[PDB]
């Protein structure tokens, strides 16, 4: 078969070859293309990148943490996933003028946007039951009842909430589509750290589509990844040139071990990645 991974590799090539140079956040530098899209097939496999070891336990735990509606970094850290701890640091929170917020409070990030869109954020402990739009449940509801719907959209980019977030979201919006009882997802990702971020991003949304499919009684179709600003940190070029030399191996398969009724009831234990045989880990730093 033609490996969907090649699209990611192809994209990294194309940026190495045609990308333009810019000044990054803090010192490094970047190579950027604007506008990309790749189609990742979800039928009888899972797009977990094989040319390097992807941190799946990160993927799964963080997704469940979004679904939990959590905005507290420690709730995820308690699971052994540290990716958001930097962002909820005492220092880091102060550096964004969040002096009054408790360590770990990330503001209205994905968990909140997904489960309580439009609600007025207070803090990471507040009860937000019945508050804001529960986009994720409405997406699930609409999928079950109206599979032709052209408006099954979940938004995480909220202009009002931006000054309040500990991290501006990479992922502006998702759109779901049903075709002959297959569920497709398209993510508009406004900023893609191609070396570090994107592989994990692909798995994350691929895993979301598996989950929503599973509860609406459908089959995973395609994940379409669309990028706005797709960048490579100079820092990643060398480890990436080596990665481009690796040959992908068949995608693993994802197992859902019990029938789950609701999106809220999923647990880590319910997911087994089978046959994940990656090439050795690559540590991107920047």
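Numbering follows the first chain given and starts at 1.
The stretch with the higher mean CA B factor, choosing between 240-248 and 222-230, is 240-248. Between the stretches 88-96 and 209-217, it is 88-96 that shows the larger average CA temperature factor.
When the C-alpha B-factors of 77, 175, 189, 113 are ranked from the entry, the top spot goes to 77. Comparing the C-alpha B-factors of 134, 193, 102, 182 in the entry, the top value falls on 102.
Compared with the other modelled residues of the chain, the Cα B-factor recorded for residue 164 ranks in the middle third.
Annotation for residue 253: CA B-factor lies in the highest third of the chain's modelled residues. When the modelled residues of the chain are ordered by their C-alpha B factor, residue 39 lands in the lowest third.
Placement of the Cα temperature factor of residue 62 within the chain: lowest third of the modelled residues, per the deposited record.
In the PDB entry, a CA B factor belonging to the lowest third of its chain's modelled residues is recorded for residue 200.
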